[PDB]
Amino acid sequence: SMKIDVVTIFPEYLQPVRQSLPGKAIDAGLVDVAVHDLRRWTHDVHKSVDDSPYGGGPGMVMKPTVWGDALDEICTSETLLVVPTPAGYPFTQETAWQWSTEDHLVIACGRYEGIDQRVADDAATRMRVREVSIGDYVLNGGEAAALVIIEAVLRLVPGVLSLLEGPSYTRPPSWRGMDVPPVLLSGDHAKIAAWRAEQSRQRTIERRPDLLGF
């Protein structure tokens, strides 16, 4: 059974919710998710987790001594350490598939300005480390990115459940002046597949022209 440890300064934000796909996976015994308050590994009364960046600049950088202790305790040699960061390699469906068969994911959630690079560099000498971005936008921290990664990965674990997908329809056949495309009701399943391919092509050209090569 997969183990996922999430380390964050926002533990209640990342607490699993029963009424959700990860909540369902947990209650099904298909994953164990544990959320850890990073402050647990702080050294001082202020529970300090970041510090000013060397070289100057706005924002803060998360402390290596704090993260170092947290990961020392939580990780083992089998761990895949996931570090969400907008400077990461792209997280894709392929990645989600790879991680879905891992025994132990640890997701280190930090502010977007980053965790001191030595944490990942050190960790990588003992375990596999993956710095990943979930998209071309900036979140204040990796917390919401962790939620996305967990959702994408867990729905691929057995038992939990190119081109763009085109429009989909269901009952009633007519609604507010709009009819479901009659081909879908034709019982000509080869034709339906061809029609769906064309819908997919048109939607991809319109919304994601990057996916068509060219």
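Numbering starts at 1 and follows the sequence shown. Take the two forms, superpose them, and find the largest set of C-alpha atoms that agree within 1.5 Å; that set is the rigid core.
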Say the other structures are aligned on the rigid core; which stretch then has the higher CA RMS in 9 other deposited structures of this protein, 93 to 101 or 106 to 114?
106 to 114
150 to 158 versus 32 to 40: which one's CA atoms end up farther from this form in 9 other deposited structures of this protein after a core fit?
150 to 158
When the other entries of this protein are compared, is residue 17 unmodelled in at least a third of them?
no
Look at the other compared PDB entries that model both sides of residue 27, then say whether a third or more of them leave it out.
yes
What is the count, as a class, of unmodelled deposited residues between residue 178 and residue 179: none, 1 to 3, 4 to 9, or 10 or more?
none
Stretch with higher mean Cα temperature factor, 144 to 152 vs 53 to 61, is 53 to 61
Residue range whose averaged C-alpha B-factor is higher in the record, 74 to 82 or 127 to 135:
74 to 82
Among the chain's modelled residues, which third holds the C-alpha B-factor of residue 103?
highest
Among all modelled residues of this chain, ranked by Cα B factor, put residue 25 in the bottom, middle or top third, i.e. lowest, middle or highest.
highest
Sorting by Cα B-factor within the chain, modelled residues only, which third would residue 212 end up in: lowest, middle or highest?
highest
Comparing against every modelled residue in the chain, figure out the third that the C-alpha B-factor of residue 186 lands in (lowest, middle or highest).
middle
How does residue 7 rank on Cα B-factor within its chain, lowest, middle or highest third?
middle
